[PDB]
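What follows is a single structure, written as C-alpha cells, with notes after it.
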Amino acid sequence: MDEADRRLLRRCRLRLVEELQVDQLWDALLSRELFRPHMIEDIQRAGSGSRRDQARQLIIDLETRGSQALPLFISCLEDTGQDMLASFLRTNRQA
Amino acid sequence: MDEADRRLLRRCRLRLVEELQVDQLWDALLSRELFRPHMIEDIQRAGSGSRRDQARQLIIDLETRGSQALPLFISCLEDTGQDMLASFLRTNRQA
Amino acid sequence: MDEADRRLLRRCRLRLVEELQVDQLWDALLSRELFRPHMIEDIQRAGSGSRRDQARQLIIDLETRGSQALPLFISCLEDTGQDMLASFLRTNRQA
Amino acid sequence: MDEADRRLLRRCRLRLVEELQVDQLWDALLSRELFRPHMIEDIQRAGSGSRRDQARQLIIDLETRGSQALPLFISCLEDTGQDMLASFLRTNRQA
Amino acid sequence: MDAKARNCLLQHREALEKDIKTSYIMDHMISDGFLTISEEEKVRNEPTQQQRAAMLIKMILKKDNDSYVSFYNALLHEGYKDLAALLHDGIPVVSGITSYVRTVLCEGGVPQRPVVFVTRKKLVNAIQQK
Amino acid sequence: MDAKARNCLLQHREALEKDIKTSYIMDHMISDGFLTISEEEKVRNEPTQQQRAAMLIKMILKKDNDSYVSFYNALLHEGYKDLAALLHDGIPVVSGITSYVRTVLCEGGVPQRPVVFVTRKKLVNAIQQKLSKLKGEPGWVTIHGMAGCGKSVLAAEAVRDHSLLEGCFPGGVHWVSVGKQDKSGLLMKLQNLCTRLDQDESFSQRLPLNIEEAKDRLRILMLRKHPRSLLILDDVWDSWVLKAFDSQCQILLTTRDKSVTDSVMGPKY
Amino acid sequence: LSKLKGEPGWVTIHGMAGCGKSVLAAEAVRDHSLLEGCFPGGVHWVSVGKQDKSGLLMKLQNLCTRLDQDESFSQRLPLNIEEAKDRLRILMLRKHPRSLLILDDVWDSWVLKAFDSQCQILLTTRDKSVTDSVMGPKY
Amino acid sequence: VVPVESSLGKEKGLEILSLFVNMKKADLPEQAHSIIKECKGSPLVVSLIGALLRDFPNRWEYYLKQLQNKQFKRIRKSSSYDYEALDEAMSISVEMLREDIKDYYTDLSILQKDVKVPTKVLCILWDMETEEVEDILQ
Ligand SMILES: Nc1ncnc2c1ncn2[C@H]1C[C@H](O)[C@@H](COP(=O)(O)OP(=O)(O)OP(=O)(O)O)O1
Ligand SMILES: Nc1ncnc2c1ncn2[C@H]1C[C@H](O)[C@@H](COP(=O)(O)OP(=O)(O)OP(=O)(O)O)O1
C-alpha cells in the first residue's frame, strides 16, 4: 500500500471505526482475497471483540495486504451495502 | 520425547495447526495425564486464543511431556474422533 | 474525583453491586454527561454481562469521570427511582 | 478438596456434564452452603448458558469449595433425585 | 504486620494461592479500607485465578495487623472455612542498639566501641543537633 | 548435599535443563522452604525455558540433602516421570560424625584427625562453651599453649560435633594455614583466600594489590555471601599479621602466644 | 581398594626396580563390576616422574585444565602451588564426586604434599616412605 | 565546629577503673582517688592505668608515685589505639609544624601550668610588634 492510501486510512480512522459494519464484510473480503480465514478470526478477537475493536484492527491490518488493498476494500464496502462509507473513502482518494 | 518423535511433530506442524480441534481434546489429554489443568489454561490463552494458536502451543508443549507423549497424543486424537489426523501422524511414525 | 468520594465508592461496593439497577440508569447518566455512549456499551458487556457485573464496572469507571461524578451519580439514582440507594450514599458523603 | 476427590471429578467429567441436571440442583447446593448465590448466577451464565456449560463450570468450581465439597455434592445429587449420578460418583470414591 | 501473622501467611501461602477467588475477597477488603483500587487493578490484571490470588497475597504480606484481620474475616465470611482455620493462630491483636544498627553499620562504617566505655551524653547530643 | 546426590544431578543436567518448566517446580520448592524468592527472581529473569531450568539447577547444586529431595518430589509430583527416574538413585538420606559432618567440613575447613588419637573431652567441652557464648556477633576465641602440646588437632575436633555446627554455625566453616610469614606471603594468602570464598565468581576476576582492598572484599563477602560462618586461623605469630584479617567476623585462632589478640577490638576470651 | 567405600584414602604399591608394576595397576582398574559400582565418577591418571618445583607446577595447571571441560571456572593460570591445590579440591569435591585419581611414579614427599586434598589416590612407585606426610588411612 | 577539647570528671574516671579492675567503688583502695587527680581527665591515661592494673592487681603504690614524678615514659601498652604511650601522640602533633616556627614553639615551654599570660610578655620575648605575635599564637 502506498503512503497516500495509508495516510487516507489514518485520516478516516474515526469514521471507519464509528461506522464500519464487520459481520457482513468478511465474505466480501475473502472473495477478493484481502485476508486469509485465520487472519479474520484474529481480527474478530481483537481487543474486547466489539464491532469497534474488530473494525479498528481490520483497518490497521488492511495497510499490509497489498498495493491494491484500499480500492479492493472500498469495493467490498460497496458489495455489502456500505455505500455511504465507501463514498466517504473514495471522495478522499480522489481528493 | 526422542528426537524422532520431536522431528515428526515439527514436520507435521502445518497440518497439525491447520486441522487440530482442541476444544474436544482437553478431556482426553487429562485422562492420559499428558497435561496438568493449569498447563491447559495457559495453552488456551496462547497468542490470540484462536484454535490455531492453541493448537500450536499444544504441540510445542507436547514435546516436553514425556517419552510416550507422542503415542499417547495420537490415542487422544483417536478418542475424540480425529482419526484422519491421528492417521496422518501414525503413518509417519511408522514411516 | 477526590479521595473521599473514591473511598466512599469502595466502602459502599457491596451495597452498590447488590442493589444497583442499571438498565434504567443509562439515560440519566447520559443526560448528566457522566459517560459517553460507547463507554456505556463497554460497561454493559463487562464480565458476564449480568446486572452485578455491569454495576461493578459502572462504579469503578465512575471514579474517573470527574470532580463531581459522585454527586451527579447520586442525582441519576434519584431520577430513576433508586432513592434508597441514593440515600445510603448521601448519608455517607455527609457522614 | 483432597487430590483424590479432585481426580475423581476429572475422571467423571464426561458423565457429569452429560447427565447433570442443574436447574433443580441450586436449592440443594445452597442448603448445604456449597456456593454463594452470586457464584450460582456466574455458573448459570458460564459459556453459552446451556445445561452442559453450566454443569461443567459447576464441577470445576466445586473443586474450590472445601474439604467436604465432594461428599456434600453427592448428597445434593441424592436430594434432587439424581441417584444414578450420585451412585456413579460414590462407587468411585469408595473404589 | 506482626511477624507471627506474616509467618502464618508465608507458611500457608500455597494453599491460599490455590483456592482463593479474589473477586470475593478484594471487595470486602476495599470496603474495610485496607485494600486500594490500584492494588485491585493490579490483581485483576493477572490472567488466572491462582495468579490473582498470588498477587493479592503478595500485597497483603506487606500490610498491617488490621489488614490481616480484614483478609481473615473476608475468608471466613465467604465460606473458606479451611483457609481461615489455617490463618486463625496467626491473627494479630488489633486496635539504642537494634536490628537496624548492626544491619547498616556493619558495612565497615564503624569500628566497634571498646570493651569498656563510660557514656558521655552531653556531647553526643550536641553532635546530633548540629 | 551429599556427593552422590550432587554427582547424580551433574550427570543428568542436560536432560533436566532441556525439559524442566521451572514455574511448576519453583512453587513447590518455595512452599517446602528450600528455595528463596530472590533465587526465584533470578531464575525468572532468564529469557527462555531452558535458560531458566539451567539457572535453577545451578542453584540447586549448591543446596542441601532436603533440597534435592524437595526438587525430586516436585518433579515426580508434576509428572516428570522420566526425569525423576534419573534422579532416583541419587536421593540422599534425610532427617558424632554424620552426613552433615563430612558434608560441610570437607570444604578444606579441616585436616582429618589422625589415625590414632585418644579423646580429650574435658577441654573440647570448654571450647564449645566459650565458642557458644557468642550466639553471633563479631568475636574472638583464642587457644594458646605449650610449645609442641596437642593443640591444633584439639581445635580440629572442637568443630566436629553435629549439634553445634548445625545450630550455631549454619554458614559453613573455613580454615586458613598462616604460619610464620612476611608481607608478601600474607598478601598471597589473602588473594588465595578471597579466591576460595566465591565459587560463583560473583565478583570480577582480578587481583587486589594492597592489603587494604583485600580486607575489604573479605568483609563484604563474609557479611553478604557467608552469613554466620566461622573463620579459623591457624598458627598466628604476629600482631600486624592479625590486623589484616580483622573485619567484623568470628574467629577461632590457635597459637603459641596470648599477646597477639592485642590489636583487635571487640570481645575476647 | 574396595575397603574404601569412599572417604579420602590412599593405596600404595611399591616394588622392585624394573618389576612389572605400572602395567599391573593399569589392569587393576580394568574390571567393569568394580569401576561401575565403586567409582562411577570417572577415573584419572597423571604421569608425574622425577620433577622440580617448576615442572610440578606445570603438571598442576595442566591437570586442573584437564578436569573442567565446560570451563565452569574462568580461564586463568594460578601462579602458586597453593591455589592450584585449592581449585583441585573444589573441583574434585563438586565436579567429580567419588572418582579415583591415580598418580604414576611418585619420587619425593613434597611432591606428594601438593596433590593432597581430601581425595582417593592409588599411587605406584618405588618407595614405601613417601606416604610419609599425608594424613588419613593408608595401605 | 563542636569543640571536644574538654576532659572527664572524677566520677567517670572512677567508673572506668571500676570496670577494669572489676569492683564496686567502695571496694576500691584509697589511692584510687589520688591517682585519678593526677591523671587530669585524658581518657587515654585513664585507659592506661586501668589497663595495667588489670594485670598486676597490686602495683598501686608504684604507679601512684611514678605518675607523680611526671615521667610518662614508664607507661606503655598496646591497644586499639594507634600509639603505645601518651608521649607519642604529642610527639606526632609537634612534628608537622613548619621549619620556621618549630623554634618559636620551644620558647613557650617557660610557662607554669595554670599561669595565664598576657600577650605583651611574649612580644618582649620574640622582640616584635603585638599583632605580629598574636597571629603566630593564633
Ligand atoms: N588427640 C591426640 N591424640 C594423639 N596424638 C595427638 C593428639 N593431639 C595431638 N597429638 C599429637 C600427634 C600429633 O601428630 C601432634 C600434633 O599436635 P598439635 O596439636 O598439632 O601441636 P600444635 O601444632 O597445635 O602446636 P604448634 O602449632 O605450636 O606446633 O601431637
Ligand atoms: N603383564 C605383563 N606382561 C608382560 N610383560 C609385562 C607385564 N607387566 C610388565 N611387563 C613388562 C613389559 C613391560 O614393557 C614392562 C613394564 O613394566 P612396569 O610395570 O611398567 O615397570 P614399572 O614402570 O612399573 O616400574 P618403574 O615405574 O619403577 O619403572 O615390564
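Residues are named by chain letter and number: chains run A, B, ... in the order of the C-alpha cells, numbers start at 1 in each chain, and ligands are numbered from 1 in the order shown.
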
Mind listing the residues within 12 Å of ligand 2, only C-alpha atoms and all ligand atoms counted, as a ChimeraX atom specification? /G:13-28,47-50,103-107,123-127

Saved selection, atoms kept: C-alpha atoms, as a short mmCIF file (atom, residue, chain, number, x, y, z; two decimals), in the first residue's frame:
data_model
loop_
_atom_site.label_atom_id
_atom_site.label_comp_id
_atom_site.auth_asym_id
_atom_site.auth_seq_id
_atom_site.Cartn_x
_atom_site.Cartn_y
_atom_site.Cartn_z
CA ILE G 13 52.06 -50.23 45.56
CA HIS G 14 55.81 -50.13 45.71
CA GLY G 15 58.04 -52.70 44.14
CA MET G 16 61.42 -53.89 42.96
CA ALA G 17 63.13 -51.66 40.44
CA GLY G 18 62.02 -52.67 36.99
CA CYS G 19 59.40 -55.12 38.22
CA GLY G 20 56.07 -55.34 36.47
CA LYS G 21 54.16 -52.67 38.32
CA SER G 22 52.66 -49.71 36.44
CA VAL G 23 51.02 -52.04 33.96
CA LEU G 24 49.73 -54.15 36.82
CA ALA G 25 47.95 -51.12 38.21
CA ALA G 26 46.63 -50.25 34.78
CA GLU G 27 44.81 -53.59 34.66
CA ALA G 28 43.61 -53.23 38.23
CA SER G 47 52.30 -39.11 34.94
CA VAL G 48 54.50 -37.40 37.49
CA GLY G 49 58.01 -38.78 37.25
CA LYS G 50 61.09 -37.09 38.66
CA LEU G 103 49.40 -40.91 40.38
CA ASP G 104 52.23 -42.51 38.48
CA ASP G 105 55.84 -42.84 39.65
CA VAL G 106 55.99 -40.51 42.65
CA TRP G 107 59.52 -39.80 43.87
CA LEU G 123 49.85 -44.49 43.56
CA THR G 124 52.53 -46.74 42.13
CA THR G 125 56.19 -46.24 42.84
CA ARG G 126 59.48 -47.42 44.11
CA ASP G 127 59.50 -46.42 47.78
#

Please check which protein, DNA or RNA residues sit within 10 Å of ligand 1, counting only C-alpha atoms and all ligand atoms, and write them as a PyMOL selection string. (chain F and resi 113-121+143-157+179+234-237+254-257) or (chain G and resi 135)

Give me a file of those residues, with N, CA and C atoms, as a short mmCIF file (atom, residue, chain, number, x, y, z; two decimals), in the first residue's frame.
data_model
loop_
_atom_site.label_atom_id
_atom_site.label_comp_id
_atom_site.auth_asym_id
_atom_site.auth_seq_id
_atom_site.Cartn_x
_atom_site.Cartn_y
_atom_site.Cartn_z
N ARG F 113 41.41 -35.83 61.35
CA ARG F 113 42.03 -36.19 62.61
C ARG F 113 42.89 -37.41 62.39
N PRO F 114 43.97 -37.55 63.18
CA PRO F 114 44.99 -38.56 62.91
C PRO F 114 44.47 -39.97 62.96
N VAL F 115 45.33 -40.94 62.68
CA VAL F 115 44.92 -42.33 62.64
C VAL F 115 44.65 -42.81 64.05
N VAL F 116 45.45 -42.33 64.99
CA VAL F 116 45.33 -42.75 66.37
C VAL F 116 45.23 -41.58 67.32
N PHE F 117 44.08 -41.39 67.95
CA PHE F 117 44.00 -40.33 68.95
C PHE F 117 43.12 -40.74 70.11
N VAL F 118 43.59 -40.45 71.31
CA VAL F 118 42.74 -40.57 72.48
C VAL F 118 41.82 -39.38 72.50
N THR F 119 40.68 -39.51 73.15
CA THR F 119 39.70 -38.44 73.16
C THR F 119 39.79 -37.63 74.43
N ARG F 120 40.08 -36.34 74.30
CA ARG F 120 40.12 -35.47 75.46
C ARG F 120 38.83 -34.68 75.47
N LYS F 121 37.92 -35.05 76.35
CA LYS F 121 36.58 -34.48 76.37
C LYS F 121 36.52 -33.16 77.12
N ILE F 143 43.07 -20.06 71.65
CA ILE F 143 43.73 -21.04 72.48
C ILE F 143 45.22 -20.99 72.24
N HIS F 144 45.95 -20.71 73.30
CA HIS F 144 47.39 -20.71 73.24
C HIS F 144 47.86 -21.82 74.13
N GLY F 145 49.01 -22.39 73.83
CA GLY F 145 49.50 -23.48 74.64
C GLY F 145 51.00 -23.69 74.60
N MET F 146 51.45 -24.63 75.41
CA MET F 146 52.84 -25.01 75.47
C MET F 146 53.33 -25.39 74.09
N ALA F 147 54.59 -25.09 73.82
CA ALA F 147 55.19 -25.45 72.55
C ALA F 147 55.13 -26.95 72.36
N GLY F 148 54.55 -27.38 71.25
CA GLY F 148 54.51 -28.79 70.94
C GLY F 148 53.38 -29.55 71.60
N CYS F 149 52.58 -28.87 72.41
CA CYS F 149 51.44 -29.52 73.04
C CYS F 149 50.40 -29.89 72.03
N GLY F 150 49.51 -30.82 72.38
CA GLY F 150 48.43 -31.12 71.47
C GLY F 150 47.51 -29.92 71.45
N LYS F 151 47.40 -29.28 70.30
CA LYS F 151 46.60 -28.07 70.22
C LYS F 151 45.78 -27.95 68.95
N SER F 152 46.46 -27.82 67.82
CA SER F 152 45.80 -27.66 66.52
C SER F 152 44.76 -28.75 66.32
N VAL F 153 45.19 -29.99 66.48
CA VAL F 153 44.28 -31.13 66.41
C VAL F 153 43.09 -30.93 67.32
N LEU F 154 43.36 -30.52 68.55
CA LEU F 154 42.31 -30.33 69.53
C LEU F 154 41.24 -29.39 69.02
N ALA F 155 41.67 -28.32 68.36
CA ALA F 155 40.73 -27.39 67.76
C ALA F 155 39.98 -28.07 66.64
N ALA F 156 40.69 -28.87 65.86
CA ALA F 156 40.09 -29.52 64.70
C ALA F 156 38.94 -30.44 65.10
N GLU F 157 38.98 -30.98 66.31
CA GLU F 157 37.90 -31.82 66.79
C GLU F 157 36.91 -31.04 67.63
N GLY F 179 50.90 -19.55 59.56
CA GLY F 179 52.30 -19.83 59.81
C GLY F 179 53.13 -18.56 59.78
N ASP F 234 45.07 -20.55 61.66
CA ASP F 234 45.98 -21.50 62.26
C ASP F 234 47.40 -20.96 62.42
N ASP F 235 47.91 -21.04 63.64
CA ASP F 235 49.29 -20.67 63.95
C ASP F 235 49.61 -19.23 63.59
N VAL F 236 49.08 -18.29 64.37
CA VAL F 236 49.26 -16.88 64.08
C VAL F 236 50.37 -16.26 64.92
N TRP F 237 51.46 -15.86 64.28
CA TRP F 237 52.62 -15.35 65.00
C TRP F 237 52.65 -13.89 65.44
N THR F 254 44.31 -20.58 66.97
CA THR F 254 45.16 -21.40 67.79
C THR F 254 46.55 -20.86 67.63
N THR F 255 47.37 -20.98 68.65
CA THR F 255 48.71 -20.41 68.58
C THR F 255 49.58 -20.68 69.77
N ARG F 256 50.82 -20.24 69.70
CA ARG F 256 51.58 -20.06 70.91
C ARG F 256 51.89 -18.58 71.09
N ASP F 257 51.01 -17.94 71.86
CA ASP F 257 51.15 -16.61 72.45
C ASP F 257 49.79 -16.25 73.01
N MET G 135 48.04 -37.23 55.81
CA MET G 135 47.13 -37.70 56.83
C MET G 135 46.09 -38.65 56.26
#

Might you pull out every residue within 12 Å of stretch 46-50 of chain D, with only C-alpha atoms counted and same-chain residues fewer than 5 positions away left off, and present them as a list in words?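 The filter keeps residues 47, 48, 49 and 50 of chain C; 17, 18, 20, 21, 22, 23, 39, 40, 41, 55, 56, 57, 58, 59, 60 and 61 of chain D.
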
Using only C-alpha atoms, which of B:65, B:32, B:45, B:52 sits nearest residue B:1?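 Of B:65, B:32, B:45, B:52, the one nearest residue B:1, counting only C-alpha atoms, is B:65.
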
Chain C: which residues are helix (DSSP H, G or I) by DSSP, as a VMD selection string? chain C and resid 3 to 11 13 to 19 26 to 31 37 to 44 51 to 62 69 to 79 83 to 93

Considering only C-alpha atoms, extract the chain F residues located within 9 Å of chain G and return them as a VMD selection string. chain F and resid 3 to 4 6 to 7 10 61 106 to 108 111 to 115 188 to 189 192 to 193 195 to 196 199 to 201 205

If we count only C-alpha atoms and set the cut-off at 9 Å, which residues sit around stretch 57-62 of chain E, ignoring sequence neighbours fewer than 4 positions away in its own chain? Please answer as a VMD selection string. chain E and resid 1 5 to 6 9 to 10 13 16 to 17 35 39 52 to 53 67 to 68 71

Could you save those same residues with N, CA, C and O atoms as a PDB file, in the first residue's frame?
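What follows is the written file selection.pdb:
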ATOM      1  N   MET E   1       2.789  -5.973  59.311  1.00  0.00           N
ATOM      2  CA  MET E   1       2.095  -6.731  60.325  1.00  0.00           C
ATOM      3  C   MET E   1       3.081  -7.483  61.201  1.00  0.00           C
ATOM      4  O   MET E   1       4.221  -7.670  60.819  1.00  0.00           O
ATOM      5  N   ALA E   5       1.887 -13.108  62.426  1.00  0.00           N
ATOM      6  CA  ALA E   5       0.897 -13.064  61.359  1.00  0.00           C
ATOM      7  C   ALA E   5       1.546 -13.315  60.023  1.00  0.00           C
ATOM      8  O   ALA E   5       1.153 -14.203  59.292  1.00  0.00           O
ATOM      9  N   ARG E   6       2.579 -12.546  59.700  1.00  0.00           N
ATOM     10  CA  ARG E   6       3.265 -12.673  58.422  1.00  0.00           C
ATOM     11  C   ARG E   6       3.814 -14.075  58.149  1.00  0.00           C
ATOM     12  O   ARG E   6       3.730 -14.566  57.036  1.00  0.00           O
ATOM     13  N   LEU E   9       1.057 -16.420  57.180  1.00  0.00           N
ATOM     14  CA  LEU E   9       0.706 -16.252  55.785  1.00  0.00           C
ATOM     15  C   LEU E   9       1.693 -16.965  54.885  1.00  0.00           C
ATOM     16  O   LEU E   9       1.301 -17.609  53.928  1.00  0.00           O
ATOM     17  N   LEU E  10       2.972 -16.822  55.203  1.00  0.00           N
ATOM     18  CA  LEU E  10       4.036 -17.404  54.413  1.00  0.00           C
ATOM     19  C   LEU E  10       3.952 -18.927  54.453  1.00  0.00           C
ATOM     20  O   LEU E  10       4.131 -19.591  53.444  1.00  0.00           O
ATOM     21  N   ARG E  13       0.871 -20.142  52.239  1.00  0.00           N
ATOM     22  CA  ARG E  13       0.701 -19.337  51.051  1.00  0.00           C
ATOM     23  C   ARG E  13       0.219 -20.148  49.867  1.00  0.00           C
ATOM     24  O   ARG E  13      -0.589 -19.694  49.086  1.00  0.00           O
ATOM     25  N   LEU E  16      -3.408 -21.070  50.137  1.00  0.00           N
ATOM     26  CA  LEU E  16      -4.176 -19.853  49.875  1.00  0.00           C
ATOM     27  C   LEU E  16      -4.216 -19.492  48.387  1.00  0.00           C
ATOM     28  O   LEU E  16      -5.253 -19.081  47.868  1.00  0.00           O
ATOM     29  N   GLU E  17      -3.077 -19.617  47.716  1.00  0.00           N
ATOM     30  CA  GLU E  17      -2.981 -19.266  46.298  1.00  0.00           C
ATOM     31  C   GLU E  17      -3.802 -20.196  45.416  1.00  0.00           C
ATOM     32  O   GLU E  17      -4.313 -19.801  44.362  1.00  0.00           O
ATOM     33  N   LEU E  35      -7.567  -2.279  51.345  1.00  0.00           N
ATOM     34  CA  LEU E  35      -7.049  -2.587  50.025  1.00  0.00           C
ATOM     35  C   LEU E  35      -7.434  -1.450  49.083  1.00  0.00           C
ATOM     36  O   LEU E  35      -8.540  -0.964  49.138  1.00  0.00           O
ATOM     37  N   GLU E  39      -4.336  -1.424  43.801  1.00  0.00           N
ATOM     38  CA  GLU E  39      -3.879  -2.774  44.125  1.00  0.00           C
ATOM     39  C   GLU E  39      -4.814  -3.816  43.491  1.00  0.00           C
ATOM     40  O   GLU E  39      -4.374  -4.807  42.967  1.00  0.00           O
ATOM     41  N   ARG E  52      -4.006 -14.330  40.288  1.00  0.00           N
ATOM     42  CA  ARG E  52      -4.633 -13.249  41.025  1.00  0.00           C
ATOM     43  C   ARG E  52      -4.466 -13.443  42.542  1.00  0.00           C
ATOM     44  O   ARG E  52      -4.041 -12.540  43.221  1.00  0.00           O
ATOM     45  N   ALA E  53      -4.772 -14.633  43.054  1.00  0.00           N
ATOM     46  CA  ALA E  53      -4.592 -14.939  44.461  1.00  0.00           C
ATOM     47  C   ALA E  53      -3.153 -14.698  44.900  1.00  0.00           C
ATOM     48  O   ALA E  53      -2.918 -14.103  45.933  1.00  0.00           O
ATOM     49  N   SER E  67      -5.176  -5.255  58.366  1.00  0.00           N
ATOM     50  CA  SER E  67      -5.326  -5.804  57.033  1.00  0.00           C
ATOM     51  C   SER E  67      -5.438  -7.326  57.053  1.00  0.00           C
ATOM     52  O   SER E  67      -6.274  -7.897  56.376  1.00  0.00           O
ATOM     53  N   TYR E  68      -4.567  -7.949  57.833  1.00  0.00           N
ATOM     54  CA  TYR E  68      -4.581  -9.382  58.032  1.00  0.00           C
ATOM     55  C   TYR E  68      -5.948  -9.793  58.550  1.00  0.00           C
ATOM     56  O   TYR E  68      -6.541 -10.737  58.059  1.00  0.00           O
ATOM     57  N   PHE E  71      -8.599  -9.489  55.785  1.00  0.00           N
ATOM     58  CA  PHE E  71      -8.404 -10.667  54.964  1.00  0.00           C
ATOM     59  C   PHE E  71      -9.013 -11.930  55.586  1.00  0.00           C
ATOM     60  O   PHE E  71      -9.758 -12.659  54.942  1.00  0.00           O
TER      61      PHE E  71
END

Calculate how many Å separate atom CA of residue F:102 from atom CA of residue G:92, rounding to one decimal.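 Between these atoms lies a distance of 14.5 Å.
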
Report as CSV: every residue of chain E with an atom at most 10 Å from chain C, its closest pair of atoms, and their distance in Å to one decimal, counting only C-alpha atoms, with rows sorted by chain and ascending residue number.
residue,atom,partner,partner_atom,distance
E:27,CA,C:13,CA,6.6
E:28,CA,C:14,CA,7.6
E:29,CA,C:11,CA,9.0
E:30,CA,C:10,CA,5.6
E:31,CA,C:11,CA,3.8
E:32,CA,C:11,CA,6.6
E:33,CA,C:11,CA,7.0
E:35,CA,C:10,CA,9.4
E:36,CA,C:10,CA,8.5
E:37,CA,C:10,CA,7.9

Next, dump the selected residues to file, keeping only C-alpha atoms, as a PDB file, in the first residue's frame.
ATOM      1  CA  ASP E  27     -14.469  -6.340  47.737  1.00  0.00           C
ATOM      2  CA  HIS E  28     -14.617  -6.864  51.492  1.00  0.00           C
ATOM      3  CA  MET E  29     -11.084  -5.562  51.933  1.00  0.00           C
ATOM      4  CA  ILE E  30     -11.844  -2.463  49.873  1.00  0.00           C
ATOM      5  CA  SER E  31     -14.996  -1.844  51.908  1.00  0.00           C
ATOM      6  CA  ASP E  32     -12.980  -2.216  55.081  1.00  0.00           C
ATOM      7  CA  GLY E  33     -10.488   0.345  53.798  1.00  0.00           C
ATOM      8  CA  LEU E  35      -7.049  -2.587  50.025  1.00  0.00           C
ATOM      9  CA  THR E  36      -6.782   0.121  47.393  1.00  0.00           C
ATOM     10  CA  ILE E  37      -8.326   0.287  43.969  1.00  0.00           C
TER      11      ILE E  37
END

Choose the residue, out of B:66, B:25, B:5, B:54, that has the smallest atom-to-atom separation from residue B:90; count only C-alpha atoms. B:5

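Computed from the coordinates, the atom CA of residue C:27 to atom CA of residue C:84 distance equals 19.2 Å.
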
Would you mind listing what lies within 9 Å of residue F:82 as a PyMOL selection string, with only C-alpha atoms counted and same-chain residues fewer than 4 positions away left out? (chain B and resi 66-67) or (chain F and resi 76+86-87)

Who sits within 9 Å of stretch 52-56 of chain H, only C-alpha atoms, same chain under 4 positions skipped, as a list in words: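 Here the qualifying residues turn out to be residues 17, 20, 21, 22, 47, 48, 60, 75, 76 and 77 of chain H.
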
Restricting the calculation to only C-alpha atoms: of A:42, A:26, A:33, A:16, which residue gets closest to chain B? A:42

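The shell of residues at most 12 Å from residue H:134, with only C-alpha atoms counted and near chain neighbours (fewer than 2 positions) removed, consists of residues 118, 119, 120, 121, 122, 123, 126, 128, 129, 130, 131, 132, 136, 137 and 138 of chain H.
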